[PDB]
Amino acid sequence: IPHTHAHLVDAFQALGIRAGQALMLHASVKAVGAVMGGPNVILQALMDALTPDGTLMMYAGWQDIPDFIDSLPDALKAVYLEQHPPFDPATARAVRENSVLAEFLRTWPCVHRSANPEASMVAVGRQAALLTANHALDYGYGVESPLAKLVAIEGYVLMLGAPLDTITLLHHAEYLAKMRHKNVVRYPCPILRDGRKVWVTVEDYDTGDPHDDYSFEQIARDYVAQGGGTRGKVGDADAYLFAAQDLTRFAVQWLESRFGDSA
């Protein structure tokens, strides 16, 4: 029988979700199991556990970002340059692989959306404007990102049936970590500037492959093994709750101990 709102609230509170927290969510709707009222109730139950003083954020990105066009034949590239729509934060759909829940949150009342297309974050709650403000186009997981601000205000990461490899915050750890090798990429993206479509080039660390011989799954598993975070069931899903500051510190040290400065 479908999970109720009240039971989801109870489960979130038992895991350690508290009023006033700033929380980034990664989720699998299927892992939670049938919810009475659908995935909207997952979000509402989580927001009720956080209260209006808390904040809920998710990585939306842009499902249709044309960041692959530079490698197309010039005839095809020219059509994209002329006809592909720009990133419009009011309509750009969330990456489907980021969970339908991210698209649900993107379209929630009072949502705020950060301006970086590829790294776009959506948030609802007391610190939603703070977290999403001034998200620079370059190095979108770095110093000017909602992930940096989540660490800075000592927020949390909730894994709700999502694989540990999907923790976007670990790209911020990659940015911070002093490492022997990094891949830097430049890619095209159409944006709105003065209400007009303009193509820009974005520079970032590669986030499609690791910079060295590691995976996020490995880092997060090691974090849990040494006592990091709390674990529990929410609906049918295995859930993990991590402090963003402690996890980032751990992950930076993990990367630097294996790939960092020997001097």
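The first residue of the shown sequence is 1; numbering continues from there. Basically, rigid core = biggest C-alpha set you can superpose within 1.5 Å across the two forms.
> Say the other structures are aligned on the rigid core; which stretch then has the higher CA RMS in 6 other deposited structures of this protein, 103-111 or 79-87?
Once the cores are fitted, 103-111 deviates more in 6 other deposited structures of this protein.
> After superposing on the rigid core, which of 22-30 and 65-73 has its C-alpha atoms sitting farther from this form in 6 other deposited structures of this protein?
Result of the core-fitted comparison in 6 other deposited structures of this protein: 65-73 deviates more.
> Per the entry, where is the mean C-alpha temperature factor higher: 200-208 or 222-230?
Comparing averages over the C-alpha atoms only gives 222-230.
> Select between 72-80 and 121-129 the stretch whose C-alpha atoms have the higher average B-factor in the entry.
The deposited B-factors put 72-80 ahead on the C-alpha mean.
> So if I compare the CA B-factors in the entry for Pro39, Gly61, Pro66, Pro52, which one is the largest?
Within the set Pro39, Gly61, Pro66, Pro52, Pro52 shows the top C-alpha B-factor.
> Using only the C-alpha B-factors in the record, can you name which of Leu15, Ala22, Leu25, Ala244 has the highest?
The record points to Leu15.
> Considering every modelled residue of the chain and its Cα B-factor in the PDB entry, is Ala92 in the lowest, middle or highest third?
Lowest third, going by the recorded CA B-factors of the chain.
> Sort the modelled residues of this chain by their C-alpha B factor and say whether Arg180 lands in the lowest, middle or highest third.
Its C-alpha B-factor, which the entry lists for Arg180, ranks in the middle third among residues of this chain.
> If you rank every modelled residue in this chain by C-alpha B factor, which third holds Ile191: lowest, middle or highest?
Middle third - that is where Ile191 ends up once the chain's C-alpha B-factors are sorted.
> When the deposited Cα B-factors of this chain's modelled residues are ordered and cut into thirds, is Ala31 in the lowest, the middle or the highest one?
As the PDB entry reports it, the C-alpha B-factor of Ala31 lands in the highest third of its chain.
> With respect to C-alpha B-factor, does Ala45 fall in the lowest, middle or highest third of the chain as deposited?
Middle third.
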